[PDB]
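>
Protein chains: 4
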Amino acid sequence: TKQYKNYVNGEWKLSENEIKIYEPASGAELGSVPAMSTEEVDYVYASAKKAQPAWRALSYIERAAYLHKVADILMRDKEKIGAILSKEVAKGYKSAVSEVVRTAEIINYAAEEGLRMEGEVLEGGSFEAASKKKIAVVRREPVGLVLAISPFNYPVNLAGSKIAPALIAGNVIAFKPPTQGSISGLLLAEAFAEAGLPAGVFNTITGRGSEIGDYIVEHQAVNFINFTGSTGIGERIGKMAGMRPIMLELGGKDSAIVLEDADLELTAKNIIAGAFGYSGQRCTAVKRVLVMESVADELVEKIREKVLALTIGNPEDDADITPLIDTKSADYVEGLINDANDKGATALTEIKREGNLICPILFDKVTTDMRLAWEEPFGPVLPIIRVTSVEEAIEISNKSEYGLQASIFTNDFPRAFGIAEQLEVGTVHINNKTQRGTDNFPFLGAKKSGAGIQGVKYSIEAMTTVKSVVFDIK
Amino acid sequence: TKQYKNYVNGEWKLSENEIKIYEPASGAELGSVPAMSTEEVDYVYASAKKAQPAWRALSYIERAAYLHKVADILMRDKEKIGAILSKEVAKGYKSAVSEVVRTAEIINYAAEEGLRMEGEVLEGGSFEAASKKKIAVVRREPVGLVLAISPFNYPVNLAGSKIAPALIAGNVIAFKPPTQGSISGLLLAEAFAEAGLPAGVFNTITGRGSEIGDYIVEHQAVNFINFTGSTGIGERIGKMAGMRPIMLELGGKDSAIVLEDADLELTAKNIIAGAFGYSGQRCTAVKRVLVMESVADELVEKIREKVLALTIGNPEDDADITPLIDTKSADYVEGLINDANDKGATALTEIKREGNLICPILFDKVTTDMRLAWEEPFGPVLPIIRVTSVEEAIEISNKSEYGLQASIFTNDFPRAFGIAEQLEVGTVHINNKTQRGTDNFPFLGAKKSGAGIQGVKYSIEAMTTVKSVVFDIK
Amino acid sequence: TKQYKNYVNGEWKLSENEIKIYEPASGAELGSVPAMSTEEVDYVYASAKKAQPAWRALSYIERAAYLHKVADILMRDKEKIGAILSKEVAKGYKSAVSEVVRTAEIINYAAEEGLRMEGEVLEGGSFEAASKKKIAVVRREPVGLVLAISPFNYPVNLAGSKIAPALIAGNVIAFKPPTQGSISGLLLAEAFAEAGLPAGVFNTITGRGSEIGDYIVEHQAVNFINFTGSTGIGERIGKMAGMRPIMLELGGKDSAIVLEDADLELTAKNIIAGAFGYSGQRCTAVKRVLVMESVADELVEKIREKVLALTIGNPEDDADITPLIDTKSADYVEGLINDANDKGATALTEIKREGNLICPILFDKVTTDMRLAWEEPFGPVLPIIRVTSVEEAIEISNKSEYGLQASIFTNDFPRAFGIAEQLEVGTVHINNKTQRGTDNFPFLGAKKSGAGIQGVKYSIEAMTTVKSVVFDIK
Amino acid sequence: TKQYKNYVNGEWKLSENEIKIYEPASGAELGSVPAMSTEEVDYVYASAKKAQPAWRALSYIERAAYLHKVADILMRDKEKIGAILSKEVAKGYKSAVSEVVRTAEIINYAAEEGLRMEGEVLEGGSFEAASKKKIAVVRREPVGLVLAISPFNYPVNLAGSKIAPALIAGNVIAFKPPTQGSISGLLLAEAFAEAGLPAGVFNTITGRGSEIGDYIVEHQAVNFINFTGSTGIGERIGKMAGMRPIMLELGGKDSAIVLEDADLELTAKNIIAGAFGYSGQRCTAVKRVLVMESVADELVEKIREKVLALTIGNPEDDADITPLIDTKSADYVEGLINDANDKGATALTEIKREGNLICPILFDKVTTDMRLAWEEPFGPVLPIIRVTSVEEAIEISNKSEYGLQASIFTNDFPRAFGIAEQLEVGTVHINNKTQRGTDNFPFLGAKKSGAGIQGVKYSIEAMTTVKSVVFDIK
Ligand SMILES: NC(=O)c1ccc[n+]([C@@H]2O[C@H](COP(=O)([O-])OP(=O)(O)OC[C@H]3O[C@@H](n4cnc5c(N)ncnc54)[C@H](OP(=O)(O)O)[C@@H]3O)[C@@H](O)[C@H]2O)c1
Ligand SMILES: NC(=O)c1ccc[n+]([C@@H]2O[C@H](COP(=O)([O-])OP(=O)(O)OC[C@H]3O[C@@H](n4cnc5c(N)ncnc54)[C@H](OP(=O)(O)O)[C@@H]3O)[C@@H](O)[C@H]2O)c1
Ligand SMILES: NC(=O)c1ccc[n+]([C@@H]2O[C@H](COP(=O)([O-])OP(=O)(O)OC[C@H]3O[C@@H](n4cnc5c(N)ncnc54)[C@H](OP(=O)(O)O)[C@@H]3O)[C@@H](O)[C@H]2O)c1
């Protein structure tokens with residue numbers, strides 16, 4: 002079998018055991034990845050803590066140059082990495098190549114953002130005359146060893162979104178990709194290896210999170226945990242973190258509030274784009290439409306027609322709708338579809354599943370009584386919930402324990418801004434679908450959608466600390 | 002008995018049960034405080050979540066005006082509050098009045114700092130040309146309901162340091178003082194009552210943390226936990242917080258590194274000041290001296306003479322050394338004193354204890370083998386540890402699991418700055434004893450000394466979130 | 002005669018000559034103000050440069066406390082100062098009292114903003130690895146002696162808007178009010194006297210700007226010139242300043258662009274409010290309406306009716322329209338009214354003048370061929386210019402050499418934001434009349450409307466410099 | 002003759018007249034540069050104003066990409082450009098190549114700094130409750146057409162230091178190099194031509210500043226003037242600028258204050274380095290030593306020995322001391338040398354001049370009575386002025402009308418910081434010679450040394466304005 006290895010302390014290492022990866026669309030074996038032992042995890046961490054001081058001792062610009070090299074390498078090999086990524090997570094080929102490209106972009110942005118974090122000089126005289134000669138020189142510092150964990154839908158992108166901001170500031174990294182997507186995670190590891198960062202600065206970990214995950218997170222050598230994945234695991238990590246700092250990017254159930262003065266055609270296209278992207282396997286995605294009854298029939302018919310225009314098929318054919326990541330996922334979605342249907346929702350699209358490929362389905366007349374109204378499906382299923390007032394829309398929206406983003410389709414901005422203030426979310430997009438879009442922008446979620454604020458600059462600030470040196474001037 | 006009441010939803014409330022408070026120096030009953038039931042805790046929280054929206058709806062300036070009123074009231078009644086505080090925690094009278102004064106100051110500072118937190122407008126064109134018409138309007142928002150918990154040595158000051166920054170930003174408060182110091186905490190509550198903040202915006206909780214503490218922290222109505230106290234409880238809270246945000250100010254074992262070119266007299270006075278303040282019952286306090294052998298004998302003799310000049314007695318007499326907060330504390334300190342002595346340390350001061358009053362004691366020749374070298378005593382005991390190199394001083398320093406602050410006494414600044422970079426602490430004071438000093442300055446601890454960065458501006462930033470609204474310009 | 006005196010170096014001083022002030026509405030003598038000699042100007046300046054070092058030596062908080070005292074005094078005596086201000090510049094009584102109140106507010110805000118200006122610590126390693134041990138500690142510093150000059154329509158408010166930001170930062174002040182409004186300027190001086198600022202820190206100058214103005218500005222002892230007044234004098238000062246820093250707030254001819262989807266009633270009320278405030282004697286005031294022909298007739302009739310509802314009379318009666326500041330002004334306005342009329346504009350309101358009181362007049366069908374379309378009148382005359390496209394509105398708008406503010410009345414925000422980007426002005430108000438409104442907001446003008454950016458924070462930044470101290474860490 | 006051309010609106014243009022350039026060391030003709038007519042100046046400006054809108058319409062990243070191309074090209078041709086620059090201004094070859102390299106660096110830094118300038122969102126509720134629904138979205142904007150003028154000692158570097166920061170923000174450029182150094186200025190122009198920026202965005206102007214200088218500055222099409230050169234011309238421009246914004250980098254007479262606890266050897270080397278660099282033809286250069294009498298003899302002898310180790314000769318031989326830019330300059334320096342000598346100063350080095358090459362000379366016993374103590378020579382002549390107290394050193398220092406930078410050599414930092422506060426300069430270097438060093442650091446001068454604050458970030462902020470859009474949220 003094609004056995005991939007972990008990058009540990011400047012070397013590539015296999016383990017006594019391996020995990021075989023298959024393509025979610027065909028079942029074909031892709032290769033295997035190591036199933037690390039806790040002793041091997043200990044060595045990755047011991048390696049990193051050892052290398053940190055010297056990494057931190059480099060100049061900011063030297064660290065940015067290393068990262069620029071990594072990004073340059075990713076661009077060079079984007080078709081290579083993209084071909085395997087496409088196969089490993091059953092995501093269209095072109096979009097797979099786009100993930101790699103977006104990764105290089107965030108690595109290059111974090112590299113230039115990080116060498117520009119400034120410190121402050123504060124005056125004691127601002128607080129008390131007696132301390133007017135006392136000044137504080139405050140400068141940032143790395144937290145130490147950061148553990149980064151990416152999800153299956155963006156194993157590379159959502160790894161680089163953590164690695165670059167961490168490294169530029171002087172921290173060292175321990176990266177653990179998702180098992181289904183670990184081969185791609187190791188292909189990214191190759192770029193860091195070629196760029197030539199000092200041994201121990203960047204390392205990878207592989208094994209089933211359901212088996213060594215608690216171990217790698219509870220390990221006291223870990224100073225910070227940056228995670229992207231399910232709410233349930235985030236809750237776990239939040240506790241396993243203790244008083245240690247963390248950044249969680251969890252579930253989302255983004256709602257699209259459509260008022261009566263919205264451009265329905267523009268609204269229909271955005272909802273379709275955000276709802277069915279990557280078969281609905283996106284955290285920031287319109288997962289429920291709360292529309293005003295008076296415009297609902299018209300919006301729904303447009304959405305209905307558009308759903309029928311989506312392509313369905315294999316990743317290599319760049320189909321809009323591809324097979325879900327695994328059988329358990331497709332089964333879970335089916336149960337949501339069933340609960341809705343059996344409960345009276347109106348399926349405006351055919352319910353059909355072949356293997357783990359579920360055709361896109363539009364559900365009208367969904368009520369707050371159906372599971373599909375609240376639970377994140379992570380499949381191509383979109384519920385339409387008709388409301389009779391903006392206040393109800395807000396009520397139903399905020400009712401969710403999720404609060405990533407939201408879209409408001411209307412032409413009344415001052416009103417749209419008033420609504421946005423009440424929406425318990427991180428970002429509100431006016432007349433656009435939701436998105437992490439433009440990584441210089443803050444990215445955070447409310448309630449059980451996460452902890453911490455991301456976006457390049459915020460990530461950097463979050464994974465650094467401060468060192469205040471106070472003295473008196475004579 | 003003089004029964005104090007909790008301030009809940011605009012009203013003062015007693016509970017079926019009470020807890021009687023005594024003066025640590027005389028044993029005299031001071032009065033009693035309610036022992037709230039979990040049902041009463043639920044009502045405090047339900048009251049606050051209900052009042053939050055309307056409080057958040059006020060203008061920043063309106064909220065600052067309320068807070069300026071509270072501070073003004075504290076200044077007016079500073080002798081009143083200070084007389085009881087002095088008695089409740091056996092701290093000198095004048096210093097007790099100073100705590101109240103310092104509280105008013107931080108309340109007034111946080112009030113003016115909070116109405117000056119600005120948002121940002123970001124450009125999509127910074128990241129990608131295609132999103133050049135996309136801009137992000139980012140504005141801050143409260144986290145919701147904040148639970149504040151102060152320690153016994155600063156029940157008022159270290160409560161106000163949490164309440165003001167929280168309220169100015171729109172958050173609502175649930176304040177729980179320490180049982181020994183709860184009467185004073187309710188005297189501060191009186192100021193918020195007189196200032197007239199809306200019912201539910203500010204409330205207090207009382208009962209033994211060892212009994213209802215886990216309950217008030219685990220309560221899902223709580224959105225943020227700001228705590229000041231022991232490491233053990235902080236660890237607890239860190240876990241009980243889940244993925245919820247928290248700010249912990251825990252233990253410290255501040256070291257004073259004395260190089261060979263230090264002004265020994267100036268060094269001796271600072272160490273004495275920071276080491277014996279409030280009988281060593283201060284978190285930011287020189288708790289261990291790591292001095293260069295060649296200057297050790299001279300520094301120790303000065304410190305020895307100065308220790309003998311300290312006054313010992315009752316809080317009402319403004320004595321330097323007053324009785325420790327309680328019997329268990331005095332006993333714990335005595336064991337530290339004993340371990341050191343039996344192990345060979347050189348007591349340069351008489352070991353004497355009367356009741357819970359422990360005379361100040363200087364220990365020379367302390368080794369890393371004695372408990373006193375590592376454990377936070379919270380008593381008037383100072384260990385002197387002689388080193389033979391700056392590298393050893395740093396080694397022994399960083400060896401502690403504590404990392405609040407540190408002092409470096411030397412006349413070589415560039416070198417002092419190089420050392421400060423290696424010291425695993427929050428703040429490094431050059432030629433001054435450690436201190437939270439000047440609240441506009443950041444205040445944080447490394448390792449097990451805490452989580453989060455305080456100081457007025459940082460507190461505010463920490464207890465707020467962000468709301469990003471993205472739209473496109475045509 | 003009631004002879005007012007200048008506050009010079011802690012003392013009040015008369016001059017050999019005086020200038021008698023009369024009430025613009027009745028002609029009644031108000032008192033007299035000194036007509037300083039250049040030698041007296043030299044002493045004010047010598048006094049200030051002498052006092053600066055010690056003022057700069059105070060703590061920020063000490064300087065903010067002085068300013069808070071001044072504001073508190075202004076609030077106490079607001080009816081007193083307002084009664085004379087109302088009489089000196091023929092402005093309604095209540096609005097006069099409001100000027101004083103607004104002054105206290107900006108003095109208090111600048112006081113709290115100034116003790117919060119922070120410095121920076123920069124890394125050489127951001128630019129070059131070789132300089133990675135080199136850090137820069139950058140801290141702000143006063144420019145020195147600032148000369149402040151207020152206009153007749155806001156002699157107190159627009160003096161305090163310069164004095165407070167200057168003083169908080171450590172600068173010393175030389176204040177020169179307008180001759181017509183100098184008595185009120187000296188009443189403000191009284192507040193600084195009572196607050197007890199050190200001798201020389203704050204002083205006043207009086208005499209006709211047309212006679213000693215060039216002298217006080219060209220004086221080399223002056224380090225910065227902050228001026229509010231006419232464009233012609235601003236141009237002058239710009240040149241007399243040399244390479245010295247200045248801040249000019251000059252003329253304005255604010256346009257109100259009314260698109261076809263505007264709420265005409267809300268638009269009509271805002272235009273009326275901003276156009277006729279203080280008889281049109283305001284810099285930030287809608288001075289020309291560029292409306293879409295299709296909605297023009299309707300908007301004009303509303304505006305016509307509202308103009309007729311305005312009150313006309315004496316300041317003491319709080320009339321909307323009061324007598325203009327002087328005869329030359331009323332004559333100038335009349336000529337504008339005449340040029341328009343003789344040229345064919347449609348006067349929808351009666352042309353009437355009594356003394357120097359000019360009734361409000363609305364002119365429809367104004368063309369770019371009439372003086373009234375371009376020249377700032379500073380009288381109750383409003384021209385309506387009908388356009389046929391948004392592009393023409395922008396063309397005609399930007400055609401003016403003035404660029405203070407602008408209002409856009411429309412319900413299309415993305416479009417409104419696109420237009421705002423093309424308008425050559427400082428601030429663009431959407432669905433509101435123009436205004437300096439909320440002093441924490443930036444206030445600046447484009448083209449010949451000024452130099453520099455104001456608003457509290459910006460004023461402070463503008464009247465301070467930086468001191469960079471660079472050293473290497475070993 | 003080799004006739005260079007100006008880059009105007011995407012094309013290279015000669016003029017009817019030309020100016021022949023010769024090498025200051027050999028007299029050899031280097032080529033010729035156009036002597037533009039005012040009509041040609043008008044076309045350069047008309048071209049730029051025409052191209053600005055579309056340049057401003059590009060995305061920030063697109064503009065940074067153009068600039069990165071220019072820098073990359075400069076690096077590629079650094080030996081080429083450096084060979085001619087070395088010959089045109091008689092500066093060593095390797096240092097000439099270093100100027101080009103440093104230019105690319107500042108162009109690349111400004112490019113990444115500029116796409117990271119953020120805007121702000123301000124709340125009306127911070128100032129008044131009534132405006133709590135009113136928010137201000139403040140975004141930066143270019144000033145328009147910027148006129149950049151570099152000096153002869155850094156025609157390329159100090160051109161790029163103005164061009165890049167200007168362009169990245171959306172401004173267009175009109176660049177005018179010094180006549181002696183115009184050929185090199187046009188070689189830089191070639192890089193902007195090859196990078197392919199749109200026609201009109203970047204253009205050059207050539208002709209004698211003494212003949213067309215006033216014209217190009219007074220031209221109303223110019224929105225901002227960024228100049229580096231003599232104080233006399235800066236004064237001129239300051240006036241010709243009117244109320245228009247400008248940035249002036251003028252003369253300097255940097256002093257090196259040497260206290261009694263300084264490391265004399267380290268001090269001697271720095272003074273030599275900063276004083277004799279480029280034959281003393283540097284603005285930021287130790288131009289006068291104010292040393293404590295007790296350490297003066299020792300410091301002077303060290304400096305004396307080192308001066309004798311400096312190399313003297315031709316630029317191509319990379320000599321330390323090369324021929325001065327021109328005859329008038331050498332004559333001027335000679336007069337300073339003469340005034341000092343005839344007045345009693347002690348020349349510790351031989352006074353010798355061949356052609357325009359003046360050997361380095363050290364003058365001890367200089368007094369405040371000699372011209373050399375105050376006037377900027379721009380030649381290899383260093384005066385030593387012995388003082389008897391730190392207070393006198395400060396007095397004599399601040400006595401100069403110059404205030405660029407200063408060095409303080411001492412081991413007492415708190416004291417050094419106190420002195421730095423009193424020194425009327427832009428930057429104070431502790432134990433290092435003065436320097437513009439590390440372009441991310443602020444660079445400004447006090448008194449007659451300039452106007453405005455430079456350093457990448459500050460340059461960008463200085464050549465941009467703000468556009469505030471205010472609306473209310475419903
Ligand atoms: N908000 C955002 O920014 C964001 C972005 C994209 C996706 N997501 C969310 O992610 C979910 C889909 O991703 P997923 O199914 O890959 O998530 P998941 O099941 O929570 O797992 C994601 C990652 O966590 C690991 N993991 C599992 N148990 C762990 C343990 N206790 N300790 C440490 N790590 C552990 C996995 O390793 P294994 O693969 O071996 O189990 C993997 O690296 C959705 O909820 C979606 O909304 C969030
Ligand atoms: N780092 C800093 O900024 C800072 C400042 C000052 C002091 N300190 C630290 O605080 C300690 C001394 O103060 P302390 O003895 O008051 O600390 P503590 O015994 O840890 O208790 C602190 C506070 O926690 C409450 N509490 C106890 N257990 C609880 C639990 N189960 N869950 C939630 N709340 C509970 C207490 O109420 P009850 O009294 O009813 O238990 C009290 O208000 C030292 O370790 C010291 O250095 C830290
Ligand atoms: N942009 C803004 O924020 C702002 C605000 C309000 C008004 N304005 C503008 O100001 C004008 C109306 O105000 P105004 O009549 O007070 O203006 P002005 O006649 O130009 O005078 C302004 C001030 O300058 C003084 N002065 C006259 N000549 C001077 C000189 N050569 N040197 C130094 N000072 C001199 C005056 O004292 P004397 O009384 O002795 O002449 C007065 O204090 C209008 O054009 C208006 O739009 C601008």
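Residue numbers (the UniProt record's numbering), protein chains in the order written: chain A, 2 to 475; chain B, 2 to 475; chain C, 2 to 475; chain D, 2 to 475. Where a beta carbon is used, it is the ideal one built from N, C-alpha and C, also for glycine.
Find the nearest neighbour of residue 7 of chain B within the set B:184, B:464 and B:117, judged by alpha-carbon distance.
Residue 7 of chain B has its Cα closest to that of B:184, out of B:184, B:464 and B:117.
> Against chain B, with Cβ distances strictly below 7 Å, would residue 166 of chain C count as a contact?
Output row for residue 166 of chain C: interface = no.
> Residues of chain C with a CB under 7 Å from the CB of residue 473 of chain B: which are they?
Within 7 Å Cβ-Cβ: 415.
> Taking 7 Å as the CB-CB cut-off, is residue 119 of chain C touching chain A?
Yes, because at least one Cβ of chain A sits closer than 7 Å to the Cβ of residue 119 of chain C.
> If you draw a straight line from the C-alpha of residue 422 of chain A to the C-alpha of residue 371 of chain A, how long is it?
Cα-Cα distance, rounded: 27 Å.
> Suppose you measure from the CA of residue 312 of chain A to the CA of residue 217 of chain A; what does that come to, to the nearest Å?
So the two alpha carbons sit approximately 40 Å from each other.
> Could you have a look at residue 188 of chain D and say whether DSSP puts it in helix, strand or coil?
Helix.
> Just to check my reading of the structure: residue 136 of chain D and residue 125 of chain D have Cβ atoms closer than 8 Å, yes? What is that Cβ distance to the nearest angstrom?
Between residue 125 of chain D and residue 136 of chain D the Cβ distance is about 7 Å, and since that is below 8 Å, they are a contact.
> Check whether the stretch 371-381 of chain B touches the stretch 240-256 of chain B, taking contact to mean three or more Cβ pairs, one atom from each stretch, closer than 8 Å.
These segments touch.
> Measure the beta-carbon distance from residue 408 of chain C to residue 433 of chain C and round it to whole angstroms, keeping in mind my assumption that it falls under 8 Å.
About 6 Å; that satisfies the 8 Å criterion.
> Measure from the C-beta of residue 444 of chain C to each C-beta in chain B and report whether the shortest distance is under 7 Å.
Taking Cβ atoms only, chain B never reaches closer than 7 Å to residue 444 of chain C, which makes this a no.
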